[PDB]
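Residue numbers (PDB author numbering): 1 to 56. Beta carbons are placed, not taken as given, at the ideal position from N, Cα and C, and that holds for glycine. Presented below is the structure to which this report refers.
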């Protein structure tokens with residue numbers, strides 16, 4: 001399940017439109033305060049942040 005491991009090009013509303021499909025409830029509507037951004041790195045922790053440079 002790949003997800004925005006680095007949501008710095010979407011916004012505070014896309015990272016959310018995804019979190020939903022990625023097993024994550026959505027609290028406020030507009031955007032509490034970078035809640036969906038931190039939220040993302042919280043449960044999603046940017047799963048594979050590193051693209052793996054081929055070095056095991």
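May I have the straight-line CA-CA distance separating residue 11 from residue 54, to the nearest angstrom?
30 Å
Quick one: using the 10 Å Cβ neighbour count with 16 as the cut-off for buried, is residue 51 buried or exposed?
Per the 10 Å Cβ criterion, exposed.
Is the shortest distance between the beta-carbon of residue 16 and the beta-carbons of chain D less than 7 Å?
Looking at the structure shown, chain D is missing, and only one protein chain is on hand.
From residue 4 to residue 15, what does the alpha carbon distance come to, in whole angstroms?
7 Å
With DSSP run on the structure shown, which of helix, strand or coil describes residue 9?
coil
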